[PDB]
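Participant:
4 protein chains.
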Amino acid sequence: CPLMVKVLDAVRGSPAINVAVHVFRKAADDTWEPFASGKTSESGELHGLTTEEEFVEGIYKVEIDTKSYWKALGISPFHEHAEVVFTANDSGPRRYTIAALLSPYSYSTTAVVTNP
Amino acid sequence: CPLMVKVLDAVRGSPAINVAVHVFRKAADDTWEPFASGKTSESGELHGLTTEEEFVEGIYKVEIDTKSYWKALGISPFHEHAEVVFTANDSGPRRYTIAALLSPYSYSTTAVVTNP
Amino acid sequence: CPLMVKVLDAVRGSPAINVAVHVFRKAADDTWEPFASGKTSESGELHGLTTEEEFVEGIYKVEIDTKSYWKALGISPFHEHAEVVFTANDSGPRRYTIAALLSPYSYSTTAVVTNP
Amino acid sequence: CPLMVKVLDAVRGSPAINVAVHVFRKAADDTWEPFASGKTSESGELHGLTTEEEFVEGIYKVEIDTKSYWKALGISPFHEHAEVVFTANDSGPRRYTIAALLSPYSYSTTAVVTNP
Ligand SMILES: C[C@H](CON=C1c2ccccc2-c2ccccc21)C(=O)NS(C)(=O)=O
Ligand SMILES: C[C@H](CON=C1c2ccccc2-c2ccccc21)C(=O)NS(C)(=O)=O
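From first to last, the protein sequence lines are chains A, B, B' and A'. A prime marks a further copy of an entry chain.
Mind the numbering: the first sequence is residues 10 to 125 in PDB author numbering, read in order.
Mind the numbering: the second sequence is residues 10 to 125 in PDB author numbering, read in order.
Mind the numbering: the third sequence is residues 10 to 125 in PDB author numbering, read in order.
Mind the numbering: the fourth sequence is residues 10 to 125 in PDB author numbering, read in order.
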């Protein structure tokens with residue numbers, strides 16, 4: 010796991026379960042190419058998006074589909090998604106955990122980056 | 010004037026209105042002595058807590074009574090209150106705004122320290 | 010007037026001054042069309058981005074150029090920018106303040122939606 | 010582990026290592042009695058504070074000594090500590106993770122509460 014996504018619900022104090030996550034990588038023509046996707050587990054975590062081989066240098070966007078998550082709980086939230094955009098691996102491979110804490114009208118995101 | 014408190018509600022996307030706020034100063038015997046208090050306004054703000062003359066260097070605690078705010082909304086909260094504890098410094102900027110962003114199981118707090 | 014942006018620096022406890030901010034609207038072909046932009050003031054605020062007349066319902070993106078802000082400070086940051094993506098609604102309150110709290114490896118964003 | 014504390018550094022994007030944490034429990038006479046203490050590990054986590062037997066109903070305060078953490082990194086931060094105050098186990102035993110995200114002039118805290 011060079012890339013993990015962890016999502017928490019700040020209203021319930023719980024993992025945010027079954028939240029859709031789409032990862033994109035900026036292509037040579039400046040467009041966002043689909044890179045990987047998945048859903049968070051019971052623990053609010055999404056493992057296995059990629060491999061150290063596949064996860065090369067680049068600019069990556071992690072789009073967490075928070076609006077669908079709130080709507081299913083009966084809540085009409087402000088944001089369409091939480092986006093996280095960053096350059097990865099530009100000094101060598103690292104392991105990235107992208108953490109998102111969700112409320113209906115706010116979210117935070119935090120990266121924890123470790124040298125493998 | 011030298012100390013303002015501002016409180017926002019991350020669930021409703023609004024000022025947190027009618028939130029009790031208690032300020033204490035630490036006494037020489039290490040106890041907390043009541044110093045000032047009030048309730049946030051319609052804009053989620055509490056002004057007028059103290060004066061330049063009274064707000065001398067020392068250790069202060071700002072308690073924000075968050076549990077009663079969520080209970081009034083019928084939302085089950087985790088914390089009894091949010092506490093913000095700091096040392097007032099004369100060398101720095103002259104105005105302290107303590108901002109607090111509230112969710113039922115999370116809060117953040119940020120000090121913005123400026124020259125007025 | 011209907012859309013304000015406010016940015017704070019959690020490392021220095023200050024407004025984040027001179028931060029570029031770009032607003033886009035989503036077009037019918039699903040692309041992002043430039044809509045408005047500016048730089049935060051000394052108070053970390055950006056006013057005057059749009060008018061009531063122009064700010065019709067639709068999907069908007071607010072990009073806050075955080076990486077250039079940290080680089081100017083000599084602090085190595087994680088994100089390229091902070092994006093805030095939302096649907097403007099006429100049924101709700103009439104003013105949207107997008108607040109962003111910045112740290113090098115984390116940010117939060119909160120929408121405060123009020124009647125002016 | 011009915012009680013875990015996890016601390017992250019938002020400036021470095023890393024676990025906050027060797028941070029002192031003191032837990033107190035409100036006594037019958039309304040005073041704060043020492044309950045447990047420890048330091049965060051390499052992973053920014055502090056396990057083993059208590060047991061399900063020892064961790065009875067009550068009002069608990071988790072004091073995270075963030076000022077000492079920043080000072081050792083050369084930073085003079087705003088807060089003396091991050092305090093987290095909550096009622097525990099009042100509907101039966103639960104498992105509590107208290108997470109704190111630290112910046113020099115801001116912090117957030119979030120509880121994740123699971124029914125064992
Ligand atoms: C515009 C403001 C919300 O944002 N302002 C913030 C502010 C002003 C001074 C210091 C810290 C903060 C802050 C921190 C986090 C989120 C918003 C704000 C707001 O709530 N508007 S109102 C109707 O006057 O209450
Ligand atoms: C990479 C991962 C970080 O996990 N991040 C969490 C986080 C970030 C922001 C807010 C809440 C949480 C959280 C809560 C529970 C468990 C993990 C995390 C982690 O394991 N950190 S480390 C290397 O052991 O120090």
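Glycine residues also receive a C-beta, built at the ideal position from the N, C-alpha and C atoms.
Using DSSP bridges, identify the partner residues of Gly-57(A').
Facilitator: In DSSP, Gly-57(A') forms no bridge with anything.
Participant: Can you give the Cα-Cα distance for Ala-29(A) and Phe-33(B), rounded to whole angstroms?
Facilitator: About 45 Å.
Participant: Since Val-16(A') and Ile-73(A') should fall inside the 8 Å C-beta cutoff, what is the C-beta to C-beta distance between them, to a whole number of angstroms?
Facilitator: With 8 Å as the limit, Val-16(A') and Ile-73(A') qualify as a contact, their Cβ atoms being about 6 Å apart.
Participant: Is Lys-15(B') a contact residue of ligand 1, with contact defined as CB to any heavy atom under 7 Å?
Facilitator: At least one heavy atom of ligand 1 is nearer than 7 Å to the Cβ of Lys-15(B'), so yes.
Participant: Return the residue from the list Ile-26(A), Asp-18(A), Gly-47(A), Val-71(A) that minimises the CA-CA distance to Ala-97(A).
Facilitator: Out of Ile-26(A), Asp-18(A), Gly-47(A), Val-71(A), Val-71(A) has the C-alpha closest to the C-alpha of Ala-97(A).
Participant: Any heavy atom of ligand 1 closer than 7 Å to the Cβ of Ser-52(B)?
Facilitator: Yes.
Participant: Any C-beta of chain B' sitting closer than 8 Å to the C-beta of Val-16(A')?
Facilitator: Closer than 8 Å: no.
Participant: Give me, in chain order, the residues of the same chain whose beta-carbon lies closer than 8 Å to that of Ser-117(B'); leave out the 5 immediate sequence neighbours on both sides.
Facilitator: Cβ neighbours of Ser-117(B') beyond the five flanking positions: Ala-109, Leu-110.
Participant: On the CB-based measure, 16 or more other CB atoms within 10 Å of its CB, does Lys-80(A') come out buried or exposed?
Facilitator: By the 10 Å Cβ count, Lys-80(A') comes out exposed.
Participant: Please report the straight-line C-alpha distance between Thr-59(A) and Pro-24(A), rounded to a whole angstrom.
Facilitator: One C-alpha to the other measures close to 22 Å.
Participant: Please indicate yes or no: does the CB of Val-28(A) lie closer than 7 Å to some heavy atom of ligand 2?
Facilitator: Checking the Cβ of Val-28(A) against ligand 2 gives no.
Participant: Evaluate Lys-48(A') with the Cβ neighbour count: other Cβ atoms within 10 Å of its Cβ, from every protein chain shown; 16 or more gives buried, anything less gives exposed.
Facilitator: So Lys-48(A') counts as exposed.
Participant: For ligand 1, I want to know if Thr-106(B') counts as a neighbour, meaning its beta carbon is within less than 7 Å of at least one of the ligand's heavy atoms.
Facilitator: Yes, since a heavy atom of ligand 1 falls inside the 7 Å radius drawn around the Cβ of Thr-106(B').
Participant: Output the distance between the C-alpha atoms of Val-122(B) and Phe-64(B'), rounded to the nearest integer angstrom.
Facilitator: Their backbone Cα atoms lie some 33 Å apart in a straight line.
Participant: The beta strand (DSSP E) with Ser-112(A) in it runs from where to where?
Facilitator: Note, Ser-112(A): beta strand (DSSP E), 104-112.
Participant: Relative to chain A', which residues along the region 19-49 of chain A have a C-beta separation below 8 Å, given in chain order?
Facilitator: Here the close residues are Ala-19, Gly-22, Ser-23, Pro-24.
Participant: Assess, as a yes-or-no matter, whether the region 86-94 of chain B' is touched by the region 39-57 of chain A' under the definition of 3 or more beta carbon pairs within less than 8 Å.
Facilitator: In short, these stretches do not touch, since the Cβ pair count stays below three.
Participant: Cβ-heavy atom distance between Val-65(B') and ligand 1 below 7 Å?
Facilitator: Incorrect: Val-65(B') has no Cβ contact closer than 7 Å to ligand 1.
Participant: Report the residue from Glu-51(A), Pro-43(A), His-56(A), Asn-27(A) whose alpha carbon sits nearest the alpha carbon of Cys-10(A).
Facilitator: Checked all of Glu-51(A), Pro-43(A), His-56(A), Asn-27(A); the closest Cα to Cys-10(A) is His-56(A).
Participant: Report the rounded CA-to-CA distance for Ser-52(B') versus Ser-100(A'), giving the unit in angstroms.
Facilitator: The straight-line gap from Cα to Cα measures roughly 46 Å.
Participant: Let me see if you follow: with CB-CB separation under 8 Å, is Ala-109(A) close to chain B' or not?
Facilitator: No, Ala-109(A) lies away from the interface with chain B' (no Cβ there is under 8 Å from its Cβ).
Participant: Within the region 12-90 of chain A, note down every full beta strand (DSSP E) run reaching 3 residues or more, in order along the chain.
Facilitator: List check, beta strand (DSSP E) in window: 12-18, 29-35, 41-48, 67-73.
Participant: Looking at C-alpha atoms only, which residue of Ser-115(B'), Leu-12(B'), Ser-85(B'), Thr-75(B') is the closest neighbour of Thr-106(A)?
Facilitator: The shortest Cα separation from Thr-106(A) among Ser-115(B'), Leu-12(B'), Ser-85(B'), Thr-75(B') belongs to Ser-115(B').
Participant: Sorted by chain position, which residues of the same chain lie with C-beta nearer than 6 Å to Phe-44(B)'s C-beta, five sequence neighbours on each side aside?
Facilitator: Cβ within range, chain order: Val-32, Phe-33, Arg-34.
Participant: Would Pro-113(B) count as contacting chain A if we go by Cβ distances under 8 Å?
Facilitator: Yes, contact with chain A.
Participant: Taking Cβ positions only, does residue 144(B) come closer than 8 Å to chain A?
Facilitator: Chain B is shown only over 10 to 125; residue 144(B) falls outside these bounds and no answer can be derived.
Participant: Nearest to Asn-124(A) by alpha carbon, out of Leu-12(A'), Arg-21(A'), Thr-75(A')?
Facilitator: The residue with the shortest Cα to Cα distance from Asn-124(A) is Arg-21(A').
Participant: To the nearest angstrom, how far is it from the Cα of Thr-75(A') to the Cα of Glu-54(A')?
Facilitator: So the two alpha carbons sit approximately 14 Å from each other.
Participant: Between which two residues does the beta strand (DSSP E) harbouring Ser-117(A) extend?
Facilitator: First-last of the beta strand (DSSP E) with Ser-117(A): 115-123.
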